[PDB]
Each structure stands twice: as C-alpha cells, then as structure tokens.
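*Asks:* Only the shape, not the letters, is given here:
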C-alpha cells in the first residue's frame, strides 16, 4: 500500500518515521527511503503510538534530511533464495554485491521466520 | 517577566500565554475568552470534557479543536492559537489546568490576593467581616490589591483561626498552642 | 448542539471494561488504554490472536506482556 510518511527523527542509526495515513506499517515490515545514494531499507521495530514507527535502519544512515518521504514495502525484507542463489555474495538487503548481475530467483522469502 | 511565576509543566503554558497576551496588551480579553471557553467545555460534561481522555488521534484532536472554535466565535485569537498549541503538543487533555493557571496568573496581574481563615468549624459573618477589614487595612495587604478571604473548615485545627495570605501566616489556634504548651510541660 | 454532535461523531464508543485499544506495542510489551476492569495478572486476548498476561496496571495504561510474537499486534 502507498503509506507515505516522513522521517520524524534521525537519531543515530535508528531512524523513526511517522506515517501520516492512519494505516501504519506492521512490526517487522520494511520501508524504503529513496535516498540520493540509492535506497535505504529500514525495518519497523517499535510502534511508538500516534502513528510513529521507530525503525532499525539497514544501510548507511548519514544524509537523511529530516522529512524525506518513506514508502512501505509491505513485509519483512525478503531475500532471494533458490538453486540459482548459489555462487553469489548477497548484501543484507539481498541485492547481488558480487557483480554477477541480477540474481534470477523463484521465491523471495521473508528474513524473519518462526 | 510576568509577576508571579508558575513552576512546572502546564504552568509553563500559562506563563507563556500570559506574557504573550501581555505584549498584545489584551489580557482582560484573553481572560474573558478563557473563562468562556472553559465554561462551555465544563458545561458540556459528557462528550467534550470526558472526551478529553488521552487516546484521541492527531487528526481527531485537531477536529476536537475545530469543534471548540465552532462552539463560539468569540475567542481572543491568542487563545485560539493556544488551543492549537495544546492540541499540537497533544497535551490537550490537561486543558483546565492551563485555564486555572492562567487565572492565578491573571488575577495577580489584576492585583487580587487570596487568603484563608481556616477554622475548626465555620465562623461568624461578623468575624469574617472584622478580620477582612483588619487584614485589608494592614500593611500586609499593600492596597492596590484586594483580599478574597475564604474561611475553610478544617477540623484538625482545633478552634482559633489561622490567617494565611502571601505565604505568610499567623497561626493562633488552640491546637497549635496546645501542641507547644503540652511539649513545654513534658520537659 | 452542532458541536456536541461533532464531538459525538469522533467518540471512541469503547466499553472501557472488557476492551481497550493498543496504544504502543513493540519489544513484546504493549500498552493498551482501557481495560479498566482488568484483574491484576489476568490473561488478555489480543484481537489478532496473541494472548498476553498483564503485569503492570499503571495509572492509565494497562501494560500487557505479549506471549506471542510482536509481528501480529499492530
């Protein structure tokens, strides 16, 4: 869903977003700030009430102008898994970082699992 | 700085409100409007005094403000901004606290002083008047100020009277005297 | 009047005993506003299916410790 929000705070490397729309991203969902660098993937870790999530932020956290739009991916960061995932070095996010080009994959599975 | 300081949160709001309206030089206007909005809040007990419960949204809070300024269009304008502030800071729940506090600050500016004549049981109206006269006459009431002297009933104070005002007291009571008397004959 | 009607419009309509609306949640510990007939140490059923006992009854926020995962209570 297009739950826009703004970055209420950027305290350390634990950025907090405030999703203005009443629907609030769920805990362990992942959010993307479309940074000038690329994207920053953040993962909702608390709901602080009044529709303000507080998010652990994956990649580098410098340079987030306080108020930059966020958009909700809708689920835990989903890595790509497969038989076609062997022979790769993959980032925390899950993108190929060994420059073998896009990792062909069938199923992308949530990082969190019971 | 505005005469009479108010320590702590919610009274920092009052302090601000007063000094803000003092530079507008429309303090009487503020006071009158504050009484009026407080009164129509108070006189709407269920739904709008008992829906000052802290659980409402940001958007719902804004709409509580919108209903409040719908209820009468006579508001100082500094106090219309104040309504916004309390909502925005989402401390709107303490509404009357700021109102009371502005009142304390305001009537100090007006000059009025408050006293108390605590006694065991209510005292004569003749006594009330004689004490009021004396107290107003005295240098303690500087004059250019008024005294709303209130007898209160406190059974714990056995007989006498205790004059209180300006955080300065004269306590001539039988309970207090008895305490000292007893103590001195236990030596 | 119209003000009272609009106030009625934004009213929660909560039972405030037997129910309450979550107000912050995460870590495992939630806080609900309401539940004003909750017994101390009662088991309270979150409406996404988690069940959690409640161990602190604070002066306005009943603090319910979640027995499940956090990823089911929003």
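*Replies:* Here it is on my side, so go on. Residues are numbered from 1 along each chain as shown, chains lettered A, B, ... in the order given.
*Asks:* how about the nearest residue to residue A:44, chain neighbours excluded?
*Replies:* residue A:53 (4.5 Å; C-beta to C-beta, 6 or more residues apart in numbering or on different chains). Quick note: C-beta positions are derived from backbone N, CA and C, even for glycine.
*Asks:* and the residue lying closest to residue B:121 once chain neighbours are set aside, bridged to which residues?
*Replies:* Using C-beta to C-beta, 6+ apart and skipping the chain neighbours, the partner closest in space to residue B:121 is residue B:153 (6.1 Å). Applying DSSP bridges to residue B:153 gives these bridge partners: residue B:119.
*Asks:* Would you agree residue C:22 is in contact with residue C:44?
*Replies:* No: using C-beta atoms under 8 Å, residue C:22 makes no contact with residue C:44, being 10.5 Å away.
*Asks:* Phi first, then psi, for the most centrally placed residue in chain B.
*Replies:* The residue lying closest to the centre of chain B (C-alpha atoms, centre = their mean) is residue B:104, at 4.1 Å. Here is the backbone geometry of residue B:104 (degrees, to the nearest 10): phi -60, psi -40.
*Asks:* how near is it to residue B:113?
*Replies:* As defined by C-beta to C-beta, to the nearest Å, residue B:104 lies at a distance of 11 Å from residue B:113.
*Asks:* Repeat that for residue A:17.
*Replies:* Distance, residue A:17 to residue B:113, by C-beta to C-beta: 52 Å.
*Asks:* and the two? which has more neighbours close in?
*Replies:* The residue with more neighbours, out of residue A:17 and residue B:113, is residue A:17; 29 against 18, by other C-beta atoms under 10 Å in any protein chain shown.
*Asks:* Name the nearest residue to the residue in chain B that chain A sits nearest to, sequence neighbours excluded.
*Replies:* In chain B, the residue that lies nearest chain A is residue B:58 (6.0 Å; C-beta to the nearest C-beta). If the residues on either side of it in the chain are set aside, residue B:58 comes closest to residue A:50, at 6.0 Å by C-beta to C-beta, 6+ apart.
*Asks:* What of residue A:106?
*Replies:* residue A:82 (5.2 Å).
*Asks:* Now look at stretch B:41-55 and say if it contacts chain C.
*Replies:* Yes: Stretch B:41-55 lies within reach of chain C by C-beta under 8 Å from any C-beta of the partner chain, at B:44, B:47, B:48, B:51, B:53, B:54, B:55.
*Asks:* which of these tops the neighbour count?
*Replies:* residue B:48 (23 neighbours).
*Asks:* Excluding chain neighbours, what is closest to residue A:45?
*Replies:* residue A:56 (5.0 Å).
*Asks:* buried residues in the helix or strand in which the one you found is found?
*Replies:* Using DSSP states H and E, the element containing residue A:56 is strand A:53-57. Buried residues in strand A:53-57, counted by 16 or more other C-beta atoms under 10 Å in any protein chain shown: A:53, A:54, A:55, A:57.
*Asks:* I figured the second one hits residue A:48, correct?
*Replies:* In other words, residue A:54. Yes: if you go by C-beta under 8 Å, residue A:54 and residue A:48 touch, sitting 5.2 Å apart.
*Asks:* Mutual contacts of these two, please.
*Replies:* By C-beta atoms under 8 Å, 6 or more residues apart in numbering or on different chains, residue A:54 and residue A:48 have these common neighbours: A:16, C:26.
*Asks:* residue closest to the middle of the chain?
*Replies:* Because you didn't say which chain, this covers chain A. residue A:41 (2.8 Å).
*Asks:* Wait, chain C was what I had in mind.
*Replies:* residue C:32 (2.8 Å).
*Asks:* hang on, the earlier thing: can you give me the separation between the residue nearest to residue A:45 and chain C?
*Replies:* In this view, residue A:56 and chain C are 11 Å apart by C-beta to the nearest C-beta, to the nearest Å.
*Asks:* helix, strand or coil for residue B:84?
*Replies:* Following DSSP: H, G, I helix; E, B strand; the rest coil, residue B:84 is assigned to helix.
*Asks:* Give me the nearest residue to it, chain neighbours excluded.
*Replies:* Nearest non-adjacent residue to residue B:84, counting by C-beta to C-beta, 6+ apart: residue B:65, 6.2 Å away.
*Asks:* ok so, going back, contacts only, for the residue nearest to residue B:121.
*Replies:* Applying C-beta under 8 Å, 6+ apart, we find residue B:153 in contact with B:118, B:119, B:120, B:121, B:122.
*Asks:* For residue C:15, list the residues it contacts.
*Replies:* Counted by C-beta under 8 Å, 6+ apart, residue C:15 has contacts residue C:34.
*Asks:* Shouldn't residue B:32 be within a helix?
*Replies:* Yes: under three-state DSSP, residue B:32 falls within a helix.
*Asks:* Count the neighbours of it for me.
*Replies:* Residue B:32 has 15 nearby residues by other C-beta under 10 Å.
*Asks:* measure it to chain C for me?
*Replies:* To chain C, residue B:32 is 20 Å away according to C-beta to the nearest C-beta.
*Asks:* cool, and residue B:169?
*Replies:* For residue B:169, the distance to chain C equals 33 Å [C-beta to the nearest C-beta].
*Asks:* And for residue B:178?
*Replies:* Using C-beta to the nearest C-beta, residue B:178 is found at 39 Å from chain C.
*Asks:* Enumerate the residues of chain A near chain C.
*Replies:* Proximity of chain A to chain C, by C-beta under 8 Å from any C-beta, involves residues A:24, A:26, A:27, A:28, A:45, A:46, A:47, A:48, A:49, A:54, A:112, A:114.
*Asks:* Hmm, residue A:37 is touching residue A:60, no?
*Replies:* Yes: Residue A:37 is in contact with residue A:60 according to C-beta under 8 Å; the separation is 7.4 Å.
*Asks:* Got phi/psi on whichever residue of chain A sits closest to chain C?
*Replies:* Residue nearest to chain C within chain A (C-beta to the nearest C-beta): residue A:46, separated by 3.1 Å. Backbone torsions for residue A:46, taken as degrees, to the nearest 10, come to phi -140, psi 160.
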